[PDB]
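A short write-up of the structure that comes next.
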Amino acid sequence: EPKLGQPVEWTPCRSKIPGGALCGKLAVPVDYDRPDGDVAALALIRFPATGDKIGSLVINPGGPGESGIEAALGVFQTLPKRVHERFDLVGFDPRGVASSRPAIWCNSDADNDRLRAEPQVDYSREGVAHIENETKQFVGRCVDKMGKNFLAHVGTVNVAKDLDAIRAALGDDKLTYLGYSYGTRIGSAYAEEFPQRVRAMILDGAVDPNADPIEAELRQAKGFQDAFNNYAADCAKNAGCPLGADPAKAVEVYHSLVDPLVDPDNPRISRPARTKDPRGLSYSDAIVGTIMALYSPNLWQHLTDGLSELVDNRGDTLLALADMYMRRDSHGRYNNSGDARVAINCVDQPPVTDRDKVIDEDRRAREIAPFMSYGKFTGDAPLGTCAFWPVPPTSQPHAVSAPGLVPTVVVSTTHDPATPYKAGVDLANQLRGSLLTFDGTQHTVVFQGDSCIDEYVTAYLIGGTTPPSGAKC
Ligand SMILES: *[C@](O)(C(=O)OC)[C@H](C[C@@H]1CC=NC1=O)NC(=O)[C@H](CCCCN)NC(=O)[C@H](Cc1ccccc1)NC(=O)O
């Protein structure tokens with residue numbers, strides 16, 4: 001095990017790994033107010049630079065709960081040549097995530113499978129009570145396996161402190177950071193606590209820390225409905241579209257394909273589409289699979305395949321897309337990204353506990369994103385998991401305040417479903433940095449094949465040149 005204050009012991013990484021990758025662990029205190037107490041071990045991966053090294057480019061894929069080691073292995077394949085020359089590509093698993101120890105675990109593989117088999121559409125009083133009873137048992141499993149102390153200190157406020165310890169452990173006087181999705185919350189949290197330690201920062205797919213949680217969720221529901229509409233309009237131009245040639249009826253045709261997966265007389269009964277997998281395709285997995293495909297047009301073909309299969313009451317592709325979102329491998333084993341996502345989210349802001357607010361949010365969500373709403377508004381809706389969380393939040397919604405921060409770049413995609421375009425405009429305003437706009441219907445874009453975007457962030461990472469005002473790719 002690594003000890004507090006000890007240098008990172010690098011070694012060639014485990015089971016082929018490219019680019020002479022080095023792996024190691026850094027010890028951080030669980031509670032920064034008690035560095036004498038318990039210690040967490042953060043897993044790191046490192047791809048040494050091939051040319052004149054400026055420093056380390058630390059990345060985070062977001063989630064929260066997504067592995068940064070896994071992400072750095074993917075980014076290494078699409079890393080521009082000049083970035084690979086001047087920077088060590090460094091990924092890290094945040095505290096409680098993936099290979100970091102202790103890792104957040106709440107649900108067994110069967111607990112996740114059992115939930116996904118349920119339609120999760122019954123919002124009657126009995127249905128809401130059933131959902132909240134499962135939620136209370138989920139929270140109990142988190143406490144039993146993790147303990148309240150570690151769950152209390154897993155928030156982004158402590159990840160930002162870990163990120164500075166990572167910067168010093170990597171030998172960099174200042175941090176060069178690329179954050180995707182939730183990684184932009186790590187970025188802004190780090191920018192507020194260590195503004196004097198930021199050399200460069202790129203935030204792709206922005207979350208606004210000043211946002212109200214309800215309105216942000218409804219803006220994300222609108223983003224996924226807009227992405228659904230863009231996918232359906234594209235499919236309508238193509239031969240044999242399973243949603244028909246009229247995009248104005250695509251939501252109706254979509255529901256004619258997914259609604260039969262629920263028993264029309266008993267919303268608690270699943271009628272799953274046939275798959276080679278023994279699970280079949282539940283309604284909830286069909287919706288999750290659709291959401292997964294709407295993250296990128298590279299998956300739109302898979303959504304079309306999944307819906308054509310549903311015409312014949314098959315659900316193999318949509319089940320695979322749902323497995324991709326939930327990170328369930330071919331042997332039925334989940335990674336801890338799902339459980340880590342909940343535990344990190346529940347401490348990053350005060351949860352919504354008002355019943356009227358939760359009910360009214362479901363009423364508006366049904367109207368805003370009809371594609372992922374079943375049946376009619378019932379007058380009731382379940383509270384989220386965080387409303388039952390046993391440890392208090394360690395961050396509060398606020399506008400990012402880092403006055404002396406170096407110019408940064410926020411990359412925002414016009415029709416991003418997961419983090420809408422306006423969220424990136426608002427974050428760039430709070431950071432008082434540059435906004436780089438990408439025109440598309442996808443979530444994140446940096447280092448993913450677009451030379452316009454990549455040449456912008458390459459010049460920023462190396463020379464500090466920010467894109468001009470109104471830059472579009
Ligand atoms: C970003 O971190 C990402 O894409 O991670 C890979 C992103 C950022 C969040 C969006 C709003 N605030 C954030 O912090 N996270 C996500 O998109 C997560 C993780 C994806 C799963 C990968 N294993 N999921 C959602 O945000 C989710 C999307 C959704 C909408 C409607 C139905 C079902 C899912 N929405 C949610 O948690 O409310």
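We count ligands from 1, going down the list as the structure has it; atoms in each ligand are counted the same way. Residues: numbered from 1 along the sequence shown. FYI, side chains are in, hydrogens and waters are out, and symmetry mates aren't considered; it's all heavy atoms of this structure.
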List, for ligand 1, each N/O atom that has a protein N/O partner under 3.5 Å away, with both atom names and the distance.
residue  : atom   : partner : partner atom : Å
ligand 1 : 2 (O)  : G63     : N            : 2.6
ligand 1 : 2 (O)  : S181    : OG           : 2.3
ligand 1 : 2 (O)  : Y182    : N            : 2.7
ligand 1 : 4 (O)  : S181    : OG           : 2.9
ligand 1 : 4 (O)  : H443    : NE2          : 2.9
ligand 1 : 5 (O)  : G63     : N            : 3.0
ligand 1 : 15 (N) : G63     : O            : 2.8
ligand 1 : 17 (O) : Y295    : OH           : 2.8
ligand 1 : 23 (N) : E66     : OE2          : 2.7
ligand 1 : 23 (N) : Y325    : O            : 2.8
ligand 1 : 24 (N) : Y325    : OH           : 2.8
ligand 1 : 26 (O) : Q220    : NE2          : 3.3
ligand 1 : 35 (N) : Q220    : OE1          : 2.9

Under 3.5 Å, is there a donor-acceptor pair between the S67 and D93 side chains?
yes
Salt bridge check: are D164 and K161 linked by an N-O gap of less than 4.0 Å?
no
May I ask you to check whether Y374 and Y283 place their ring centres under 6.0 Å from each other?
yes
Could you check whether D305 and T317, counting side-chain N and O atoms only, form a donor-acceptor pair closer than 3.5 Å?
no
Measure the acute angle between the ring planes of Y254 and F228, then classify it against the limits of 30° and 60° as parallel, tilted or perpendicular.
perpendicular
Is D380 salt-bridged to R125, cutoff N-O under 4.0 Å?
no
